[PDB]
Structure formats: C-alpha cells, structure tokens
There are 2 protein chains.
Amino acid sequence: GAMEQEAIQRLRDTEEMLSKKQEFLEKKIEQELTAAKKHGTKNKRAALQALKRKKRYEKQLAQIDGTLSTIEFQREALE
Amino acid sequence: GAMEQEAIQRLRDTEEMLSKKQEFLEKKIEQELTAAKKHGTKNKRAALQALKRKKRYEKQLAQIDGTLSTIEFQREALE
C-alpha cells in the first residue's frame, strides 16, 4: 500500500531526473563535437578543450547509465 | 547547475528512503539471529522457515546496500 508505493515513487523520480541529465549530456556531446570541428583549424586551443569536455561528458554519461540499471533493478525488487 | 542540483536532491531523497529500509532489514536480521539462538533445536520445521526468512532479508539488504553506494557515488559525481 501507500508506504510501498512511496518508496517506488522515490526511485522513479530519480530515474526521471537521471534520464533528463542523459538527454542533456547528449545534446552537450553534440555541441562539443560540432565546436571541435568548427574550431579544428582556426582555434586549436578551443578545439582541444571541446574534445576533452566531450570525453568527460561521455564518462559522466556512462556512470549515469550504470546508475539507471541499478535503480531499475532495485525498483523491480520492490514492485 | 540547476539540473544537477535537482538530480542531486532526488538522489538524497532516495538515499533517505533506502537507509530507512536498511535499518528495517538490519533489525529483522538481528531479531532472527536472536530467535534462532533461543529456539535452538526445538522445532526443525520452524527453524528451516526462519533460516529462509533470514536469507531473504540478507539478500534484500545486500541489494539495498549496493544501490545505496551506487546512488551516493552518482550524487558525488554530479557535485
């Protein structure tokens, strides 16, 4: 009943925020890989930092994927 | 940023929920060990049932503890 559903809802709210953060990391990747191509020749400094940031978002995005799989598994166990 | 802070708060709310279930399961396990020592070799059927309950709580607890670390580390990664 109510208390059980609440616990599942906490997990759902977390999933939904992490999924939102994924989507935003994907838009950022795309901005960064676009900027690195844009600056490749005329601004090597900006390009190189774009690529470091892209890699950092890629890593953050991986941690988030693993957190989601963990959340889903915990939530199934409670359902 | 704002998105990270919202995600970080929903992670905190999940940790709080998880710690409450953790404390419930830990108590239940303590209670089963205490009862197993008192009851001893009095009744095989009841002992087997109790060993089954204790194993279920231990399995649920191991899951909860794994989820909690994962959520904690994800939160720290967004800060």
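Because the Cβ atoms are built from the backbone with ideal geometry, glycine has one as well, and the counts that use them run over all protein chains shown. None of the figures in this text is laboratory data; all of them are computed from the coordinates on show.
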Restricting the first residue to the stretch A:60-79 and requiring it to be within 22 Å of A:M3 (Cα to Cα), which pairs with a second residue that is of a type in the set (S, T, N, Q) and assigned to a helix (DSSP H, G or I) meet a Cβ separation below 7 Å and a spacing of at least six or different chains?
A:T70/B:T67; A:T70/B:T70; A:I71/A:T14; A:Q74/B:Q63; A:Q74/B:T67; A:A77/B:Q63
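Within the stretch B:5-57, can you find the residues that are small (G, A, S) and closer than 30 Å to A:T67 by Cβ? Let's see the steps before the verdict.
Our first condition is that a residue be small (G, A, S); within the stretch B:5-57, this holds for B:7, B:19, B:35-36, B:40, B:46-47, B:50.
Answer for the stretch B:5-57, where residues must be small (G, A, S) and closer than 30 Å to A:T67 by Cβ: B:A7, B:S19.
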Within the stretch A:25-65, tally of residues that are facing another protein chain (nearest Cβ under 10 Å), of a type outside the set (A, V, I, L, M) and surrounded by 13 or more Cβ atoms within 10 Å (Cβ to Cβ):
2
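Just checking, does the stretch B:32-42 include any residue being assigned to a loop (DSSP other than H, G, I, E, B), among the charged types (D, E, K, R) and farther than 16 Å from A:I8 by Cα? Step through it out loud before you land on a result.
Restricting attention to the stretch B:32-42, the residues satisfying the condition of being assigned to a loop (DSSP other than H, G, I, E, B) are B:40-42.
Checking which are among the charged types (D, E, K, R) leaves us with B:42.
From what is left, the residues that are farther than 16 Å from A:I8 by Cα are B:42.
Taking every residue of the stretch B:32-42 in turn, at least one turns out to be assigned to a loop (DSSP other than H, G, I, E, B), among the charged types (D, E, K, R) and farther than 16 Å from A:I8 by Cα.
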Report, by residue number, each residue of the stretch A:63-79 that is assigned to a helix (DSSP H, G or I), out of contact with any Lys or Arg (no Cβ under 9 Å at 6 or more places or on another chain) and charged (D, E, K, R).
A:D65, A:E72, A:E76
Can you tell me which condition B:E76 does not meet? The list is (1) loosely packed, with under 11 Cβ neighbours inside 10 Å; (2) away from every other protein chain (no Cβ under 11 Å), and all the others hold.
(2)
